[PDB]
Amino acid sequence: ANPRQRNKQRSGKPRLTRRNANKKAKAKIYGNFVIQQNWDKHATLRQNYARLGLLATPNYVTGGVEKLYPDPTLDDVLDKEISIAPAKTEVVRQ
Amino acid sequence: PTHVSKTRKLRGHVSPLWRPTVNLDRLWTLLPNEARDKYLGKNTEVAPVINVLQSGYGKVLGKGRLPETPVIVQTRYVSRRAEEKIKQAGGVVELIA
Amino acid sequence: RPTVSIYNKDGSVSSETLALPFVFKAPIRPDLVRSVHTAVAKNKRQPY
Amino acid sequence: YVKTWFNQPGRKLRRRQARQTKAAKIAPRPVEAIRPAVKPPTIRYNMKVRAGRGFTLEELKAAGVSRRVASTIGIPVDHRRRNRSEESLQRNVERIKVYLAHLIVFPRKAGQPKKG
Amino acid sequence: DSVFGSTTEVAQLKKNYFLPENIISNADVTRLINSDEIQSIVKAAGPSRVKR
Amino acid sequence: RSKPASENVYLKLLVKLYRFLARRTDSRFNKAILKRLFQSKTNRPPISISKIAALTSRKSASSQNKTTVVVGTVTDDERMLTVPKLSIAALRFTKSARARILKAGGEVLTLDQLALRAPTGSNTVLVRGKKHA
Amino acid sequence: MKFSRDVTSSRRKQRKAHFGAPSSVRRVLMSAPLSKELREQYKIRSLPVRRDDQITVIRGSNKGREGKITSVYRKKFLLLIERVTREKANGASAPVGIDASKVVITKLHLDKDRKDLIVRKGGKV
RNA sequence: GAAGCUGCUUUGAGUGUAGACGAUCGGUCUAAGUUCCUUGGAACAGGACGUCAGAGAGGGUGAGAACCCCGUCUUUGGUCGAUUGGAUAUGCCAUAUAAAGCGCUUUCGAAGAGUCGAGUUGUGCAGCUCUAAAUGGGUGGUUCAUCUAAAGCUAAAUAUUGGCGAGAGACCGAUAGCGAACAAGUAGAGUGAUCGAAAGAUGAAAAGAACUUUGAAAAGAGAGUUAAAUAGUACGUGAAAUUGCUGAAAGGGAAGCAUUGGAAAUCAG
RNA sequence: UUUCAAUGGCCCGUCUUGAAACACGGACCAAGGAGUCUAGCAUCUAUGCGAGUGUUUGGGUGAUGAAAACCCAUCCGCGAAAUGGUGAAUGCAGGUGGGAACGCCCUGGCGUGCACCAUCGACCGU
RNA sequence: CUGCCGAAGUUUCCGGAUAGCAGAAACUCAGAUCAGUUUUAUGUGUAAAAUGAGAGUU
RNA sequence: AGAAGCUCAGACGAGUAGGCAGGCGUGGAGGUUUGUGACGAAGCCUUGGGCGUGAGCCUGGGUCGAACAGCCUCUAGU
RNA sequence: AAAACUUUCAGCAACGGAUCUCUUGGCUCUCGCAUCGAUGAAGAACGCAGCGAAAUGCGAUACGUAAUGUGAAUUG
Numbered sequence: 002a003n004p005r006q007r008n009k010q011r012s013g014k015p016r017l018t019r020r021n022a023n024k025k026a027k028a029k030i031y032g033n034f035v036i037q038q039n040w041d042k043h044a045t046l047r048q049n050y051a052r053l054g055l056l057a058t059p060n061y062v063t064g065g066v067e068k069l070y071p072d073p119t120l121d122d123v124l125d126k127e128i129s130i131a132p133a134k135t136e137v138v139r140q
Numbered sequence: 002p003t004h005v006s007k008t009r010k011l012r013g014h015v016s067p068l069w070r071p072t073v074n075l076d077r078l079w080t081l082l083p084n085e086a087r088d089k090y091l092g093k094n095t096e097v098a099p100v101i102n103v104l105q106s107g108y109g110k111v112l113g114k115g116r117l118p119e120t121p122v123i124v125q126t127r128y129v130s131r132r133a134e135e136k137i138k139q140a141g142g143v144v145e146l147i148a
Numbered sequence: 005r006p007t008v009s010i011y012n013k014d015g016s017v018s019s020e021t022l023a024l025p026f027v028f029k030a031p032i033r034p035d036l037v038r039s040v041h042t043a044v045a046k047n048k049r050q051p052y
Numbered sequence: 021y022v023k024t025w026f027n028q029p030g031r032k033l034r035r036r037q038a039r040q041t042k043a044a045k046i047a048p049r050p051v052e053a054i055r056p057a058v059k060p061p062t063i064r065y066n067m068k069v070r071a072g073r074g075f076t077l078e079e080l081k082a083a084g085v086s087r088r089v090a091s092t093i094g095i096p097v098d099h100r101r102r103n104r105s106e107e108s109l110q111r112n113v114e115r116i117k118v119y120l121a122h123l124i125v126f127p128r129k130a131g132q133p134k135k136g
Numbered sequence: 261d262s263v264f265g266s267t268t269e270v271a272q273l274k275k276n277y278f279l280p281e282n283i284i285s286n287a288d289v290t291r292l293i294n295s296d297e298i299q300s301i302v303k304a305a306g307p308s309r310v311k312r
Numbered sequence: 015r016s017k018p019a020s021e022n023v024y025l026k027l028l029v030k031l032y033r034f035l036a037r038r039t040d041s042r043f044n045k046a047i048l049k050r051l052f053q054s055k056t057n058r059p060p061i062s063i064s065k066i067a068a069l070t071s072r073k074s075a076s077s078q079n080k081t082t083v084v085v086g087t088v089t090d091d092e093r094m095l096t097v098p099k100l101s102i103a104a105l106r107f108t109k110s111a112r113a114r115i116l117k118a119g120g121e122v123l124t125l126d127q128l129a130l131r132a133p134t135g136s137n138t139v140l141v142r143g144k145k146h147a
Numbered sequence: 001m002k003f004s005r006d007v008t009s010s011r012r013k014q015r016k017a018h019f020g021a022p023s024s025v026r027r028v029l030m031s032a033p034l035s036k037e038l039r040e041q042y043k044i045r046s047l048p049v050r051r052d053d054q055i056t057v058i059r060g061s062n063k064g065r066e067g068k069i070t071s072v073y074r075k076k077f078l079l080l081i082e083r084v085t086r087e088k089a090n091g092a093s094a095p096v097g098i099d100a101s102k103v104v105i106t107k108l109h110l111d112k113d114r115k116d117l118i119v120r121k122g123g124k125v
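Top line first, the protein sequences correspond to chains A, B, C, D, E, F and G. Numbered according to the deposited numbering, the first sequence spans residues 2 to 73, 119 to 140. Numbered according to the deposited numbering, the second sequence spans residues 2 to 16, 67 to 148. If you count the third sequence from 1, position 24 lands on 28 in the deposited numbering, and the numbers rise without skipping. If you count the fourth sequence from 1, position 13 lands on 33 in the deposited numbering, and the numbers rise without skipping. If you count the fifth sequence from 1, position 20 lands on 280 in the deposited numbering, and the numbers rise without skipping. If you count the sixth sequence from 1, position 79 lands on 93 in the deposited numbering, and the numbers rise without skipping. If you count the seventh sequence from 1, position 41 lands on 41 in the deposited numbering, and the numbers rise without skipping.
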């Protein structure tokens, strides 16, 4: 439409086409090797974090989570020590 | 739609302080149903607590009769007749700052 | 409830059955479905 | 001047990709920091509890974290907020203390010369 | 049964959804009219198309 | 109004059923029911479960086993706590009203079920809703 | 169905690419199937045509005629075959062009380059 | 925060190699009928018999092609090179007489001026005149609360009719859609600033009409090519207005129209 | 269908006026050509739910087109209380009459009496 | 494009609100009320038989 | 018995402003017709025929040469 | 009162370019990306092919040279 755009529409030189428009592709994992091995590329990060035994956010989630199946006072607290947390997943144990 | 418009047929014819209010009759409705089955109609030593502030209400008004079961009403403000009916029903009012 | 027989890969009836879900007893409304479909089949319309 | 929202689905997917790109960079760790719990500043909202910006310097000190390593392990600091009541202090100390118990800290590599 | 629930049981995969209830119980009024209860009380059935 | 603007097939089925009952009987009840089925939603206000409970045991009470009939929705009344035994036939019941009546009370009926039980409207209380809106 | 967002299913863009493709691409556009004996010999479904290739016309008015390739007219997608011509009014011979997809290769013009291409496309030479 | 003290916890602005995980660029790899009959100039049509399918998107090919061709799917990858990113493992080097966090104090703690502000004149900001302070000053609220100006930097979420590309659409279909589907800001107009069109389609293939004859020639007539010249470049289809020819009929200063029939023509049951 | 005969037939649109006539428009044909889209408000109707109601700011999710469909955490909008701070059954959430509808009778009588409307009544509009 | 319903053509108060004529929706009314009408009676006006029509309101 | 339907009887019929209802046609979309089509789709022409009160529809013949329609809904640069 | 002329109807031929069918174009929406110049840019002028006017390409190395990829054309 533009004089610049019509300039290369009538020009014989081919366009500088780069085929980078692949949507639906989720970024692959670098960083941790243990995460990369146990990470599957189809699932979302919230699904991968939950499966691996990790937290995607330490806060509340600002939406309704998915449901795939029908599931079935200072002193005593300021100085208390939380007895760590158990490792439920082999990856978390790893 | 343009098709159902009547101009398709004219073709050819030349053309303050935030304080929501709750009344006494709805005080028991605010409480869930399983607690009402447990506390309403039974003379239990422990009484249910209805914090009407957490349910988005600022003042408790006096419309309605409460059942004779006592209940502790925690609120910010309460009409004078409302807490009259509350102790007549056996309950108490704890004003919340 | 009524039961529906399950069919194997070769079309033979399997001995297992499932009770008919309540959704199959829901009211069948041509008028309501047509109106919902009219509005829902409009939600992937690009502008012009 | 009319603003249109035809790119509303395009924006939603772009952010989900951006979250995915974050997790690619930093995989074993959450894509969000831990925010404190605070009470909104009005008579209309003070009954509720929402997420603040960061944990005050007293909340970090009471929990056992220093204000220098707090950012390293992902704990935001708010130098502006202060603890006017023990209720707010004890609430956010346990928010950190739960965080520290649930946290795995991978060791770094420390350079050490031949002599001391 | 979990996706849609029933008319008295909540859907497990849809929070607070019950199946809709119908206007009528039996959707066949022809047998409703020809039932014994209604036929025994209706007045005398007048003629069909009459002679001019 | 010779027909309703509603395209609901089941409302048309009710209209067909009460077209026959109105003309093949001599019940002023059935003629009234047919007219109210034709009436638009504006002219068919909802009636509360409490007003139904009131109008049954009102003044001399004497509700006995009479079935309440309203051409409209029977909305629940959460203010009233202990629900009496009632038998109501209506176009629609809100999920609360249907659950409350069934749990502590009698039964809910549709307009076709009532036409089978009381084709001539015998022992039926025809109740309307307040139009003051 | 296409699933890539990099391939265009537009008729407008497909005709523009086909009719504006350069000679290096028109070489791959004008391919012909190998014959039965050649296919069972080379395990190759199809090859791009080349001058001095013995083919056999399969479809058209010239069905059954056999000959070599004298010139692949890449700029109009036509193949020219010897002894397949049209006699004009003035007696001159105008060779008749056939689309490459309408012939079948019966004897390849093997070179070093074609041999590597044969074994490149999963074939045995 | 400085300075002292204390005793616990800390540490590389190096330099190679290896392999893994990513990003970018280019090359490369890819399943199944072109079997039979009929129609046709051409089969890609209909029928018969089959095949492939993680491929039945789309386009090309002499008419509707999943199986003739490019592709498509596999690819949310194989392979070959490149160019790179942050980690991991490991080698070498390390100027540590060093640097830091936390904790303790019988020791200290600087904080931005023709700026704030007052007056006045303009539209918080600016001009003019005057011109400060140090628990001072700013801003709020009924003494209190909050903040720390007159110096500076800073990613992400955000915008995007342009620039480099891409994929689409219940959009327009050549008086439409951009002014411009062709030739387009072109031809053309104006001293100049500027203004600014019209114009798409032969056929599958140019096979674009050899040859003969008339004619000064343009062309005509036979001929020839084609499935077709009722496709001849004044080229798909060819409407109406309008014009010529032929046939039929009517007409003494309008005509068209309507009703009922005759005559002539032509249909129907 | 064309034509003839008898009978009839003033040029259409617009404008002005009580009304015409005037006054404009109309050489002919083809194509184009004028109550549209959107924001708000109100009526009516339909639909879903109903003292509730509203998923689509956003998040989750969606391999087959992923701008669709699907799921919903916290808020918020309107409604549920009015009056000018306070803040509602006195009395089956009040009696009388008319009244839809039903029942019992031996047309009419009796009982029950929705909606709505006049009536005495209250409570802080209910 | 066809079909159905169908006016006002002007009072009364300040361009209007009003009324009037035309429709719609929802009510009650048939042992009832109406009427561009005529008689009868009382003194042109008022009141109660003839004839026609189902008549009302919001 | 497409109760949306079937049937009987009577009365009525101009109609501006206005009010109300049912229909005809067009481009594109979802569904559908085991739909039509190079043995000729669409278009166009015709002193050919038929249907409808009407908007219009179907068809014979000729011409033409690649697409098109009926029904149910959606939509509008109708 | 025959022809001409005028008019009407039909046929053929003209003129015209409607209609139909499509279409390497427009328009609209979304998506990814960030890259002009004193190391001479955008724009202008003149040139360059065996046979060329525009467009395209290019700059006296002038419808291009080097390198790389492909592997046998270009075509009036």
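C-beta atoms are modelled at their ideal positions from N, C-alpha and C, and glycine is treated no differently.
Scanning its chain for C-beta atoms nearer than 7 Å, with the 5 sequence neighbours on each side dropped, one finds around residue 133 of chain B the residues 75, 111, 112, 113, in chain order. For residue 107 of chain F, the uninterrupted beta strand (DSSP E) segment begins and ends at 101-107. By the Cβ test, the region 61-76 of chain D is in contact with the region 96-107 of chain D, since at least three Cβ pairs between them sit closer than 8 Å.
With a threshold of 16 other beta carbon atoms within 10 Å, residue 143 of chain F meets it and is buried. Using a CB distance cut-off of 7 Å, residue 78 of chain B does not count as an interface residue toward chain D. Excluding residues up to 5 positions away in sequence, 57 lie with their Cβ nearer than 6 Å to the Cβ of residue 47 of chain A in the same chain. By the CB criterion at 7 Å, residue 91 of chain B and residue 120 of chain B fall inside the cutoff.
As DSSP reads the structure, residue 128 of chain B sits in a beta bridge with B/110.
Counting the other Cβ atoms within 10 Å of the Cβ of residue 268 of chain E gives fewer than 16, which makes it exposed. Contacts with chain C (Cβ-Cβ distance below 9 Å) from the region 16-29 of chain F involve 20, 21, 22, 23, 24, listed in chain order. Contact check for residue 59 of chain F against residue 89 of chain F fails: the beta carbons are separated by 7 Å or more. Cβ atoms of residue 137 of chain B and residue 104 of chain B stay farther apart than 8 Å, at about 16 Å.
Residue-level contact check: residue 35 of chain C touches chain F, since one or more beta carbons of chain F fall below 7 Å from its beta carbon. Taking a 10 Å sphere around the C-beta of residue 6 of chain A, we find fewer than 16 other C-beta atoms and assign the residue as exposed.
In the structure shown, residue 29 of chain G falls within a helical segment according to DSSP collapsed to helix, strand and coil. Under the Cβ distance rule, residue 112 of chain F does not count among the residues neighbouring chain B, no pair being separated by less than 7 Å. Between the region 14-21 of chain G and the region 55-63 of chain G, the count of C-beta pairs closer than 8 Å stays below three; the two stretches do not touch.
Each of D/27, D/63, D/39, D/59 was checked against the Cα of residue 52 of chain D, and the nearest Cα belongs to D/39.
Runs of the beta strand (DSSP E) spanning 3 or more residues and lying entirely within the region 7-48 of chain A do not occur at all. With distances taken between CA atoms, residue 125 of chain D lies nearest to D/93 out of D/21, D/88, D/93. Taken atom to atom, the span from the alpha-carbon of residue 24 of chain D to that of residue 68 of chain A is near 33 Å.
The contact set of residue 303 of chain E on chain F, defined by CB atoms closer than 7 Å, consists of 38, 39, 40 in chain order. When rounded, the separation of the alpha-carbon atoms in residue 90 of chain D and residue 58 of chain D is 19 Å.
Taking a Cβ-Cβ threshold of 7 Å, the residues of chain E close to residue 71 of chain A are 262, 272, 273, in chain order.
Taking residue 122 of chain D as reference, the option from A/133, A/137, A/13 with the minimal CA-CA separation is A/133. For the pair residue 140 of chain F and residue 82 of chain F, the Cα-to-Cα distance works out to about 6 Å.
As the crow flies, the alpha-carbon of residue 73 of chain G is around 48 Å from that of residue 34 of chain D. In terms of beta-carbon proximity, residue 22 of chain A lines the interface with chain G, with at least one pair separated by less than 7 Å.
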